[PDB]
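Only one chain is shown below, in structure tokens, and it's the form deposited in one PDB entry.
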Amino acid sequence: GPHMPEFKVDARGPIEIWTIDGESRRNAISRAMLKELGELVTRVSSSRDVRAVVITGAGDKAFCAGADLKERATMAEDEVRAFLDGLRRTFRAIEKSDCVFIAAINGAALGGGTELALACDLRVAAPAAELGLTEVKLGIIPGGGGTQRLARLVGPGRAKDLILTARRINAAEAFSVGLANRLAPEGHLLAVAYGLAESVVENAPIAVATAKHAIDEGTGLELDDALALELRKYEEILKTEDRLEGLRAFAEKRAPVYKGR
């Protein structure tokens, strides 16, 4: 009897699809769902097996309608803090993972739902996608990184527009301001997201992971410090065997085959 929506996980070798199966509450994130998401992120980040994950919502109405407001109604202040820590840890673990995370936005992504999308590396929007950080219309602020991650993508003026008005934008508006990387044709969201995952997986595993981390770890650094950080990562990747395979494959006019070492 308890309301216990959960994730479906579809494994496709180096790529997995995780679907929020919670349509009765528009794929809102409950306490137990967030615990499960964090656990799944930890486990994929301990494999080298899985190199890309697509996260999507079941159905055509909602990617994720935010935190579950029915459950939230009577949560005590410390319980709210614990939930926000779960968002923080989980979203940071997505960023720290060697795996690349793609949000396949199939419908409304509101509040925490947009925050989940912002934590991912890449975003694909279906025609029904709608994004918004609606928190101020609920009496709160974005507490899952939205006040920070949105401005990193769109700048403070557009971030203030969205966050202070709480208005919702459609897929193409999101694309045009740099919030969605791809616009999927109607009916083709998962095919587009999977193809995006394939385009990442064909590249060398450590190079993809290291480049991802170089980008995020440069956040907030002054240029000299950022360049020194990139150089440290570049020197590390020089020692991988895949780096040598890239040079050998080029010298031999053939495709490289990378092993993730």
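Residue indices: 1-based, along the sequence shown. In this text, rigid core is short for the largest set of C-alphas that superpose within 1.5 Å between two forms.
We do not show the form deposited in another entry, though everything after this point is about it.
Relative to the superposed core, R12 undergoes a Cα shift smaller than 2 Å between the shown form and the other one. Fitting the two forms on the rigid core leaves the C-alpha of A191 displaced by under 2 angstroms between the shown form and the other one. The Cα-Cα distance between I163 and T74 is lengthened by 3 Å or more in the other entry relative to the form shown here.
Expansion of the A73-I163 CA spacing by 3 Å or more is recorded in the other entry, set against this form.
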